[PDB]
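Visitor: Fold the following and give me the result.
(chains A, B, C, D and E)
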Amino acid sequence: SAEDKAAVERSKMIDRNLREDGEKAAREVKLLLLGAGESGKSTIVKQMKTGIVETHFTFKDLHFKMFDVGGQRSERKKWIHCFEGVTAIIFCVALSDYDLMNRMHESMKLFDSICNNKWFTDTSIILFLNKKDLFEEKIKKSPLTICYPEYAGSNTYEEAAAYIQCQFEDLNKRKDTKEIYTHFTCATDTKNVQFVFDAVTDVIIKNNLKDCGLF
Amino acid sequence: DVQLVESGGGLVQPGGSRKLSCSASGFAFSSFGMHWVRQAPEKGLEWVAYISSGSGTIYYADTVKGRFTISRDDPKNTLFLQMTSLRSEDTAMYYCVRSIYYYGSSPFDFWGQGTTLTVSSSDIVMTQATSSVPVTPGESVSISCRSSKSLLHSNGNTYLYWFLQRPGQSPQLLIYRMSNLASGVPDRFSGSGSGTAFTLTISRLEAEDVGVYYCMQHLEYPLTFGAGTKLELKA
Amino acid sequence: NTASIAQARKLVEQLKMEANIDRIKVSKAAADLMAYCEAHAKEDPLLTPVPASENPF
Amino acid sequence: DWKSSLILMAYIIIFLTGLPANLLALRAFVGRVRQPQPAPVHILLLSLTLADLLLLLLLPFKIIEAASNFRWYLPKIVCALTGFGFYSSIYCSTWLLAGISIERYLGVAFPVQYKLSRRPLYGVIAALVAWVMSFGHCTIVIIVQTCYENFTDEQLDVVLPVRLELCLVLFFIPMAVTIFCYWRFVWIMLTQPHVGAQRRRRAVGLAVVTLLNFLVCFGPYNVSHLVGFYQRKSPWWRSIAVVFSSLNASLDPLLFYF
Amino acid sequence: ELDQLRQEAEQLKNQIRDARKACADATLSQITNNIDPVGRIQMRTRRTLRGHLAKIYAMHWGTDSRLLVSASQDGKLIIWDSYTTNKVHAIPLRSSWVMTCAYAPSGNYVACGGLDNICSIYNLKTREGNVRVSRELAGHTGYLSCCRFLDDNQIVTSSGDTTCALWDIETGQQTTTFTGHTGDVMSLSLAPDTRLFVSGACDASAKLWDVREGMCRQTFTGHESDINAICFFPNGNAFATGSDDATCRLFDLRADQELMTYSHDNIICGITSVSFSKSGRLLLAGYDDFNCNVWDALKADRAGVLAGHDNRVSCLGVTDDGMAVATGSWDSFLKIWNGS
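Guide: Numbers count the residues shown, from 1 in each chain, chains lettered A, B, ... in the order given. Pasting the structure now:
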């Protein structure tokens, strides 16, 4: 007829804009900032290049979106499925709260529930053990046994920091299908964005092989 | 504030060329289709050309096909109408009318001020009632309309449009799809019809209702305006 | 503390308001649902499908 | 004879296990293209399935040819059309497979560049290039035309230079590309640190078997072109070498099944 | 002091339960067992609306039973013409984490919200041809979980901060605040008279609220997990509840207790959406098993099954006239179902 065209033409123009928006979004990388109790979360936010905070930064011609849901203050199980299919999850843990129901134990508790999540079966996890400068000074006067009663090593920073990383890396039950990246950062560290870019490169490699049927 | 300003008119020799520019301000010009309608001196309205929102669909009247071309500039919100081989019958007041898919129809709600162009030297037929009717404030008027083809469609929509042209002002949409009241129109106006015969009723008359009433079908493209009924106050 | 007592007091006031309300029998309430379903069964296209003549979909 | 029976029998096996497997392969790949964000590999896979399905359509003609003990009872125009479509699909699949190897290699070598630059237009262009190049080069079957068999003195001086050019341009170029792309793909995958051990073997194994299928199926057919030119005679073992080429049309759905 | 307050609370709860048992003579199953069964129900997909590029969370129909509005995670609100499949409008969103959308009864406004904790109202009828945002309702400390329109100026908003609020449009202030829940309220359903509404929360409880006085009328319990779906009976004297377990429950406002239990052994997944037919005879509920089940509201018998989605059915509803049922799912598709 002579009036079906007008409605259809307007409708067809919408999918043209919808396809352009989808193509642009498909070229973007989504990151889920999932720290606990401001464990250096703000430090790593400024080092890259309200319910949920959105942060955009460009590194090596790749667009990154970081979502912070620390201000939600609600049951996580009712909205954590919205982040299914995310490229990776960025986890921030402060090493200085081991002497603060313990702050460190709360971090592992929420890490265990999030790493072993049904919606995050094969998602990449980037663990950021920040505040390492304060950890070195604190470990010289307060032993690690206050937080971990089973610790047997000395108070040297190198092994104490490694011990914390091993416990966090031992909380995942799917080591055969997912990988956790651990990086020690500080306020003056400038390679944090490179570490995130390196971690998401294999995720892109992971998706590239699935597109051609190799996975 | 929706605004459509027309410029680029004047005295043209026969066989010459001219271009009309319609500047759009105050609305999303990209999503609005545009129509060209001219009114010959002491005559009625007639459709000229139409351009779609995305410029994919373009149509012209049979009296201007080939000679006339229409174009739009979305970034500059300007509508163009290039003219070639201008004749003495092209002397009229050209209006740029915005049109979008609105309320399940394609209304002609806003019309431009118009520009003066002087050249010195199968279609559905809509038949109007008597061109002049004497009326006084406080009475009820009834304007009739006849269509050669049934404007009722298989989807239940009868594509009939009612316009009012006040003395010295551009036409204004009153009724679209024979039953719907346009925005900013008082509830005095009403529209009724069935297939080919249509009636527009004004319940309470006012001094601001003086003008010529036009009916145009949107069934086929090829939109045709009626002769027009003029409402004048009694002495 | 004060907040705990105030929270308990608010719950008590809410509970007593819900207790002293008029409750009709379940059988009477059940029959009301049955009557409405039977009365409006004809005007339910989901219940009794209409012919394709008057079906836009 | 025994040679005719063995050739005849293997064609039904490819026909019975190739036609269905290609059907679900096509319907899966057709839907993927209509799905949002189609990768260039999907278009290449769709074109490969069409070329593989095309080869299966004229397989009954080869069966009928082998049924009559290599005797042609059909009009010459039919065989020329039969030969043109059949041989074009072999060369079309050769370039489409090479294009797939390029896509796989670019995925592991430059994953960021591949993701940011992939568009369905590149897959269409690559598929179109393979289609026009294979079709144009395989017109010699119609131009030259037991059908497609021993020639006396004149076509021998004509087909052999064309057959030699067919092996070099149409096969050795994709063969070099396929080997180059898969050799670096295996090297990259093996030395990639952050890939799961179980899935790393799957990617390497699938890449190796695809390269072996390319060499095994398209190898003997193009070597006969080199062998025939050297002796200035049409090779007698061309028919059996063709059977290997048609075998790829059936294993391709299996290669992209799981 | 503080000790005796809890003791009197349990005594009040016991009295309420005793009153509920006293007014319970015969269940709905015994009364309805004599009437004829509804039989097997066959429905077919008439329209498949495509264009969404992410998981769909909202579906709400329009009052004209023709215009549809849907929300997804791509940050786009699409207004659908169900008769012609044409997309009337495409509204970009500031935040792409919208979970619910609402259609005004007048058809002039559309509201949506999500993890931004802001209910944004978009004007659909303006002099300009674009759709612009009109109001941004701020004040909730939790994610938006439901929004319903009473008129052009009043909207009830359910949020993840355990509290519900009644908002004003021309003045971005909370007219009344509804408190009393202990968990996040995930859904709300308005009564036909726009005088009362029911909200289901994560504490396996449903509360009946009065809009004008802004306080809870009654509290309904019986579920074992979080409540995700709610719908109001056409009478206004009953409502249906869908929880995180495989059980659907029908409650009576006047009886103030459980009436009928809808469950089956083969179902283990939860319920995301619940809707009623025109006559309130068919209970339609979406599930996490990629399937939709049609329940006989009077006999708890499974009348029919809607299997047309490859992902979880998140949103579902029935037209005002009840002619068609539109089902949304995480597979980024809308499906309209009609009977033969």
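Visitor: Secondary structure element holding the residue of chain C found nearest chain A?
Guide: Nearest residue of chain C to chain A, counting by Cβ to the nearest Cβ: residue C:56, 14.8 Å away. (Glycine included, C-beta is placed from N, CA and C.) Assessed by DSSP states H and E, residue C:56 sits outside every helix and strand.
Visitor: before we move on, what SS does the nearest residue to it once chain neighbours are set aside have?
Guide: Leaving aside its chain neighbours, residue C:56 sits nearest to residue E:83 (5.3 Å; criterion: Cβ to Cβ, 6 or more residues apart in numbering or on different chains). At residue E:83 the chain is in coil, as set by DSSP: H, G, I helix; E, B strand; the rest coil.
Visitor: State which one residue of chain C is found closest to chain D.
Guide: Counting by Cβ to the nearest Cβ, chain C gets nearest to chain D through residue C:57 (23.3 Å).
Visitor: For that residue, list the residues it contacts.
Guide: By Cβ atoms under 8 Å, 6 or more residues apart in numbering or on different chains, the contact set of residue C:57 is E:46, E:47, E:82, E:83, E:323, E:324, E:336, E:338.
Visitor: Name the nearest residue to the fifth one, ignoring sequence neighbours.
Guide: Yep, that's residue E:323 we're talking about. residue C:45 (4.4 Å).
Visitor: Ramachandran angles for that neighbour?
Guide: phi -60, psi -30 (degrees, to the nearest 10).
Visitor: mind listing the strands for the stretch 51-200 of chain E?
Guide: E:56-58, E:67-72, E:76-81, E:87-92, E:98-103, E:109-114, E:119-123, E:132-137, E:144-149, E:154-159, E:164-168, E:174-178, E:185-190, E:196-201 (DSSP state E, counting those that start in this stretch).
Visitor: Would you mind writing the CA trace of the third one as PDB?
Guide: Read it as strand E:76-81. C-alpha atoms of strand E:76-81 as PDB (Å, rounded to 0.1, in the frame of the first residue of the first chain):
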ATOM      1  CA  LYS E  76      17.900   1.000  24.200                       C
ATOM      2  CA  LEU E  77      14.200   1.300  24.800                       C
ATOM      3  CA  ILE E  78      12.300   0.100  21.700                       C
ATOM      4  CA  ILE E  79       8.500   0.800  21.300                       C
ATOM      5  CA  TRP E  80       7.100  -2.000  19.100                       C
ATOM      6  CA  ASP E  81       4.000  -2.100  16.900                       C
END
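Visitor: what comes into contact with it?
Guide: A:7, A:11, A:14, A:18, A:21, E:49, E:51-53, E:66-71, E:86-93, E:98, E:101, E:110, E:112, E:122, E:124, E:334.
Visitor: Buried subset of those as a ChimeraX selection?
Guide: Filtering those down to the buried ones (16 or more other Cβ atoms under 10 Å in any protein chain shown) takes a single ChimeraX command:
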select /A:7,11,14,18,21 /E:49,51,52,53,66,67,68,69,70,71,86,87,88,89,90,91,93,98,101,110,112,122,124,334
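Visitor: out of the contacts of strand E:76-81, who's near chain B?
Guide: Restricting those to those near chain B by Cβ under 8 Å from any Cβ of the partner chain leaves A:7, E:88.
Visitor: For whatever residue of chain C ends up closest to chain B, give its distance to residue C:48.
Guide: Proximity of chain C to chain B (Cβ to the nearest Cβ) peaks at residue C:56, 9.4 Å away. Per Cβ to Cβ, to the nearest Å, residue C:56 is found 17 Å from residue C:48.
Visitor: What of residue D:211?
Guide: In terms of Cβ to Cβ, residue D:211 sits 64 Å off from residue C:48.
Visitor: These two: which has the busier surroundings?
Guide: In this view residue D:211 and residue C:48 are compared by other Cβ atoms under 10 Å in any protein chain shown, and residue D:211 has more residues nearby, 20 against 11.
Visitor: Tell me which of the strands of the stretch 51-200 of chain E sits most buried.
Guide: Compared across those, strand E:109-114 shows the largest average neighbour count, a mean of 27 (mean count of other Cβ atoms under 10 Å in any protein chain shown).
Visitor: That one: partners in the sheet, and parallel or antiparallel?
Guide: When pairing is defined by DSSP bridges, strand E:109-114 lines up against strand E:98-103 (antiparallel), strand E:119-123 (antiparallel).
Visitor: tilt between it and strand E:164-168?
Guide: 140 degrees (axes from the mean of the first three to the mean of the last three Cα atoms, to 10 degrees).
Visitor: tell me the angle of strand E:109-114 relative to strand E:132-137?
Guide: Using the same axes, to 10 degrees: strand E:109-114 against strand E:132-137 is 50 degrees.
Visitor: the strands in chain A, which residues?
Guide: Counting by DSSP state E, the segments of chain A that form strands are A:29-33, A:53-59, A:62-68, A:88-94, A:124-130, A:180-184.
Visitor: Those: which one's closest to chain D?
Guide: Across those, closest to chain D is strand A:62-68 (Cβ to the nearest Cβ), at 5.9 Å.
Visitor: what's that closest one in contact with?
Guide: Under Cβ under 8 Å, 6+ apart, the answer for strand A:62-68 is A:27-33, A:41, A:45, A:48, A:52-58, A:83, A:90, A:196-197, A:200, D:112, D:116.
Visitor: Would you show me how to pick out the buried ones of those residues in PyMOL?
Guide: Restricted to buried positions by 16+ other Cβ under 10 Å, the PyMOL selection for these reads:
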select buried, (chain A and resi 29+30+31+32+33+41+45+48+52+57+83+90+196+197+200) or (chain D and resi 112)
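Visitor: near chain E, from the contacts of strand A:62-68?
Guide: A:52, A:54.
Visitor: For the stretch 151-300 of chain E, give the residue positioned nearest to chain C.
Guide: Closest point on the stretch 151-300 of chain E to chain C, by Cβ to the nearest Cβ, is residue E:279, at 3.9 Å.
Visitor: sec struct for that residue, please.
Guide: Applying three-state DSSP: residue E:279 is coil.
Visitor: hang on, isn't it packed against residue C:44?
Guide: Yes - counting by Cβ atoms under 8 Å, residue C:44 is a contact partner of residue E:279 at 4.0 Å.
Visitor: Overlap of the contact sets of these two?
Guide: residue E:322.
Visitor: quick one on the thing from earlier: may I see the strands of the stretch 51-200 of chain E organised as CSV, with distance to residue D:249 added?
Guide: Shown next, in CSV, are the strands of the stretch 51-200 of chain E (distance: least, Cβ to Cβ, whole Å):
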stretch, distance to residue D:249
strand E:56-58, 40
strand E:67-72, 41
strand E:76-81, 43
strand E:87-92, 42
strand E:98-103, 48
strand E:109-114, 50
strand E:119-123, 54
strand E:132-137, 57
strand E:144-149, 55
strand E:154-159, 58
strand E:164-168, 64
strand E:174-178, 67
strand E:185-190, 54
strand E:196-201, 58
